[PDB]
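As structure tokens, the structure follows; a few thoughts come after it.
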Amino acid sequence: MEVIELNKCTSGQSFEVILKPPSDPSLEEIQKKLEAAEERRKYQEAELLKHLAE
Amino acid sequence: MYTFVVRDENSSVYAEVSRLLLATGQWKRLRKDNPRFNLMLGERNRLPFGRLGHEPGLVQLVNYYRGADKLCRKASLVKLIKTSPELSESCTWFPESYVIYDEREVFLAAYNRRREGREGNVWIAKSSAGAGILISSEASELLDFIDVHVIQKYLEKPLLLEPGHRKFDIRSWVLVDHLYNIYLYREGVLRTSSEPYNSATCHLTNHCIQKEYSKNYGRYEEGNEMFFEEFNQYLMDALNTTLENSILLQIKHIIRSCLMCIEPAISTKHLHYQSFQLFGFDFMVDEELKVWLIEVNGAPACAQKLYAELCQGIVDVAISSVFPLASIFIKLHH
Amino acid sequence: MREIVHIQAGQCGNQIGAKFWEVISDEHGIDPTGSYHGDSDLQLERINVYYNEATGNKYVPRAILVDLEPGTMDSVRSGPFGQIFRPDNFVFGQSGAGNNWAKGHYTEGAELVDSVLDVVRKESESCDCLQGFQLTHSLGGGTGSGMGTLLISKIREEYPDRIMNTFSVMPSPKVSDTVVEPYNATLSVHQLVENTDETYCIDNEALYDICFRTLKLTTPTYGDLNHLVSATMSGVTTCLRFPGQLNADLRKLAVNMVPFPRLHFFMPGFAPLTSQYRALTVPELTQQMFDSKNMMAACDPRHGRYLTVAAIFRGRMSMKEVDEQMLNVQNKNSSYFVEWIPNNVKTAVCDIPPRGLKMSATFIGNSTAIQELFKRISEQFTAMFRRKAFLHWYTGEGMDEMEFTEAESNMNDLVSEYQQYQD
Amino acid sequence: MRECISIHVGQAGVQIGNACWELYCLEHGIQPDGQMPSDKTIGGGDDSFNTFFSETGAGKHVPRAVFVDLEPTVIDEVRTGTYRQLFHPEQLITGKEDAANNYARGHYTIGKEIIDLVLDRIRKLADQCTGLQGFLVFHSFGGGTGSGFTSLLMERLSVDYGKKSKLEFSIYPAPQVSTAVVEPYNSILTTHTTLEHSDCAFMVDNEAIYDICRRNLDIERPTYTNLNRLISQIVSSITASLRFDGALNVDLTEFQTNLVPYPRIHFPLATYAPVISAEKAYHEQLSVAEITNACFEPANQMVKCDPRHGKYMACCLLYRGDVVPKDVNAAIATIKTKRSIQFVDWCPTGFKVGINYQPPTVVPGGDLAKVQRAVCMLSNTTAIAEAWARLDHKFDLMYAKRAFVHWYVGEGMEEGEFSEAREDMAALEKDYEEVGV
Ligand SMILES: Nc1nc2c(ncn2[C@@H]2O[C@H](COP(=O)(O)OP(=O)(O)OP(=O)(O)O)[C@@H](O)[C@H]2O)c(=O)[nH]1
Ligand SMILES: Nc1ncnc2c1ncn2[C@@H]1O[C@H](COP(=O)(O)OP(=O)(O)CP(=O)(O)O)[C@@H](O)[C@H]1O
Ligand SMILES: Nc1nc2c(ncn2[C@@H]2O[C@H](COP(=O)(O)OP(=O)(O)O)[C@@H](O)[C@H]2O)c(=O)[nH]1
Ligand SMILES: [Ca+2]
Ligand SMILES: [Ca+2]
Ligand SMILES: [Ca+2]
Ligand SMILES: [Mg+2]
Ligand SMILES: [Mg+2]
Ligand SMILES: [Mg+2]
């Protein structure tokens, strides 16, 4: 039961009590993934309009 | 109209409990994967406790205490008794045990004191992966057989029944409900050996070993099972004492000691789901009428004559107490 | 401001559509001249979903009235709320469709569909954020069935990213005009499988049974049938017309209700159905709401399983007691809800009740038992088609037998798809 | 002084943020018009509250916050709310049509069209900062915007502000208040593509807030206003060290240092006490020992789980009110000899304690009663993995039949992202079990 690192001030205080010692993708790649999804949407819409055209 | 599921088909105890629930006309069994249940007769291995108590408008109850394996495992029971101050290593009702994969040098430390001191130095090695057990007086044979196991002092002076000069063990069924009331079933069984005890099959009192490797199976009592009425009568005629005084007081003490020890770790008092569990305590009695705890079973079976009475009691005090419809136990108060 | 464009096509579509606008104009406080005369701002909070705002604080329904005969639409313009509809939004022909799907879809209706699309385009251009379209029609006739599904196909071609929602009246030999109704319905159902996101299956067989068996009407009329459709249409659109958070728009409703694109045909239900001053309790609302006798599709839900369920309670009641009763129906009949879609029953509450009721309940179910409706239609189709009976009415309009064989196969596939998720 | 920028995404993020900044103004004595009479440095300063509020020459204290929603009706509440005068319109960003509870619609379809506008408005707040700490991101798991657009924003923030820390306040989905069946999909999709971009995330399970509101506040059917006022209290306990003088958790880096030793395991469990109904005219004030003991009751946790069946990696106690270090240590010694508090072998068994003497602030007329002392415990337990198991199971049930998947593929998302995200959760769930057993 050791209390260490007691820091006090006007609005409160803080301390640590120990009980026992122990024993990213680039902007280019994000833009590629976003545009890849838009292209798959555009392709799905093209097939629908092709289907409605028939 | 309560709903329940069955996730352990091989449970002979809860197959009868699930059978009684349907007989009341107020319990409806669902598919094993339907989460809209009140009661789960769950599986022994990897019960998904983390998914219980998250169904809105459903009081959910399970037939196993999460964490009770610390009491129902060989190495876990040893570690729990040595390290818990509520039980202490000064425990007087548990045989001197050690865990070997560690406590190898610690086991040989007390082994040399018995060999030198001319005392009885016979031990026994067992584990949870058994039906594989070795009983020897040489520590070198016990350690080679293991190559997790536990080695404890073999009770060389057991209480032997007469006529027969034979060993036995006492199985007590204990039911712990959602409020952590400890209910000891008034009916126990003595799983007796049918062979005379030779300190030079007759040592292992298991019901499967006495029916396969023993030749006197069913000679003295039916199925090598003697119930409490016959055993108490024998204690009065042979030893001039009762089962309650000589043995059953220590049994109730050990059951309370073990269960009250793990209560803070497994209680579902303020938890989002409730638990109960049927336990099987195995006791050994020595020639001094001293009771010793052997092991605790978390998924126990039952005696055929007592399946009816006990399974009905499981519904009464553990299931219908949480889900009422429209005593065979001794309440170990604490 | 997510606006909806309403379209009613054919005799049935326009009669049912007219009662719908008559009902919800009452609930929102709009009088037959378009002047608001309500007493609660909840009536106006989502008023723009269905109504345009004109000069003088006038509220004009965003509704387009379509037919190939003037007859029924003249009765709408002379009906109780006829003056409220935008006069330019009456688009009608003169030939009629003669209960012929081919005339509405291929010959007579093709001549008129472009002037309908011109009115649709005008309503959409004045939409701050058009969310989609709702169409009322029958499947057994010619205009609502044949031209309706032609409209839906063309509306989708011009607005591919908007939700298409329909109230579709299924034909029944109990309430039948002509023997060719199974032909028209089978041809339309395949169109709906492809070109709508949500379809409310309103079965005239169920409406007849409810009027006869429950409401004790020995000789029901189309008016008596449409009274049930009004209450149902008002109920399923409550979440769209009033402040809420469950299925507040058409796309979120489709996301919660449609797990597979083709299985989007719902069983509507309403409670109470009284033959009347007695107050209905919350347990009573929930029991009737899930009972087959309140279902508008004539399918036994116990013959199938619930994929998803939407329940809407209207009135001032205990929301706590509402949750308990909803959780009671599921936890006492959980064998009828699929276990592979967790929490597939969503409950909504609205404070404003329908006219003349202290409280009501509306049921929107995506059940696999709806296959009984399609099987029923498919049997009547095959009974005539195996002998090519009455087919000349259609071959004389340019259709080939192969199109009927294909529509028959498409619907048996739809039935098979419902059967595979029922197991 | 180092500034923090708060980002509120979706309906849940905006309404919770709305409740937080209301509480912040009550705590710091800032009136709805932006004025702060106790601030004697007019038009500037590097005080502790300046980490969340900028200052105009006219004396207005403006929140360093951005509100983003793909639908205007929720943010329009802020535009006309009680604290409308705090924010300027550049901080409020709305769209036309929302994501319709579809992760793919909020991440790909609609998110791509608005990601540059939001980042540009965030850049305006960053330019007013002399030493930006990082960001606090409030969002829901189940909503299409809160899941889909957040994960895109977290990706882009790691690109544009790589050295800065990012903390999440995430709303875990609960069927008692949820509005969509596909929320398990959105939760796992967004946890997958946000995991590598978040340093510390605080999950709030609506189920827990709901029952705390019903049990402790006697609210029969709690509303979002009930839930958010309780959440903002927990959020205030967590962010109080950034807004007030102190030495524990003084910057966003310290949260990761004190609570997250393993980067993937960055989901501390929050436990709050006491929650007292204001309808009780006179309730007995709980003691330090009593509120600290309540920090180990599951019924007071922000996520229902059993920390007894798990191991601790860290533990912080944040007290607000009449609390002195003597009483804290007296309570901890008693709790040690009564509770099951197992730490991992490679971590010290201890507690970092923070005390702020100002007692908690409650919204006047709200449901929470004013108390003399309160505590929020932040503990990194492996037991919180139970919430992942529940989520992952509901995922597996629907995905086995591919239910609702077509809605996501229709937005340009590949079906493989589903199993790629699920495999990540299986990896995460396996990391917890290794650390925990
Ligand atoms: N605690 C709390 N949870 C909320 C609140 N609002 C919504 N939720 C939860 O958030 C989830 C839905 O996310 P939303 O924030 O409503 O959706 P969104 O982020 O706006 O995205 P959209 O789909 O485009 O509307 C559900 O589980 C709700 O229970 C709130 O104010 N407080
Ligand atoms: N220390 C000891 N001294 C004497 N006998 C012992 C002993 N430990 C075990 N035994 C004997 O060995 C037998 C088996 O013990 P154990 O309980 O480990 O087997 P088991 O667990 O496979 C049967 P179950 O779990 O089904 O009750 C017991 O019947 C007991 O008589
Ligand atoms: N419920 C209801 N069904 C109708 C009504 N009018 C016609 N029907 C049904 O609709 C089918 C005939 O379609 P109809 O609308 O008259 O054909 P259309 O005008 O050419 O589209 C038949 O199955 C009728 O049972 C009505 O007012 N209400
Ligand atoms: Ca012509
Ligand atoms: Ca200042
Ligand atoms: Ca980073
Ligand atoms: Mg055993
Ligand atoms: Mg007609
Ligand atoms: Mg939203």
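Determined by X-ray crystallography, 2.5 Å, according to the entry header.
Including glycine, each Cβ sits where the backbone N, Cα and C put it.
Feature annotations, reproduced from Swiss-Prot:
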type	residues	note
ACT_SITE	D:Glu254	active site
BINDING	D:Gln11, D:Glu71, D:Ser140, D:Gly144, D:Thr145, D:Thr179, D:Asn206, D:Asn228	GTP binding site
BINDING	D:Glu71	Mg(2+) binding site
MOD_RES	D:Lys40	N6-acetyllysine
MOD_RES	D:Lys40	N6,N6,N6-trimethyllysine
MOD_RES	D:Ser48	phosphoserine
MOD_RES	D:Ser232	phosphoserine
MOD_RES	D:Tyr282	3'-nitrotyrosine
MOD_RES	D:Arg339	omega-N-methylarginine
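Most Cβ neighbours within 10 Å among the recorded positions D:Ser48, D:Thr179: this distinction goes to D:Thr179. Of all the recorded positions listed here (D:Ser48, D:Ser232, D:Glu254, D:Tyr282), D:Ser232 has the Cα closest to the Cα of D:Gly144 (GTP binding site). For chain B, the nearby recorded positions by a Cβ gap under 8 A, listed in sequence order, are D:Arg339, drawn from D:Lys40, D:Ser48, D:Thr179, D:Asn228, D:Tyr282, D:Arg339. Closeness to chain C is evaluated for the recorded positions D:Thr179, D:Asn228, D:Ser232, D:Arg339 by Cβ distance, with values under 8 Å counted; counted residues in sequence order are D:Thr179. With respect to their backbone Cα atoms, D:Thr179 (GTP binding site) and the residue listed as 'active site' stand 36 Å from each other.
Cα distances from D:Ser48 (phosphoserine) to the binding-site residues D:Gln11, D:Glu71, D:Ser140, D:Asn228 are smallest for D:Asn228. Ligand 1 lies under 6 Å from the Cβ of D:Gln11, D:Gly144, D:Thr145, D:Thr179, D:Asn206, out of the recorded positions D:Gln11, D:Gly144, D:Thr145, D:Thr179, D:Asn206, D:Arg339. Neighbour counts were taken at the CB atom with a 10 A radius for the modified residues D:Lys40, D:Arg339; the maximum falls on D:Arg339. Among the listed recorded positions, namely D:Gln11, D:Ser140, D:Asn206, D:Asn228, D:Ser232, the Cβ with the most fellow Cβ atoms inside 10 Å is that of D:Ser140. With respect to their backbone Cα atoms, D:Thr145 (GTP binding site) and D:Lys40 (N6-acetyllysine) stand 40 Å from each other. When the recorded positions D:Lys40, D:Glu254, D:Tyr282, D:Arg339 are compared by Cα distance to D:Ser140 (GTP binding site), the shortest distance belongs to D:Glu254.
D:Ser140 (GTP binding site) carries a strand DSSP state (E or B). Contact annotation for recorded positions (D:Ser48, D:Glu254, D:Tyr282) versus ligand 9: none, no CB falling under 6 Å from a ligand atom.
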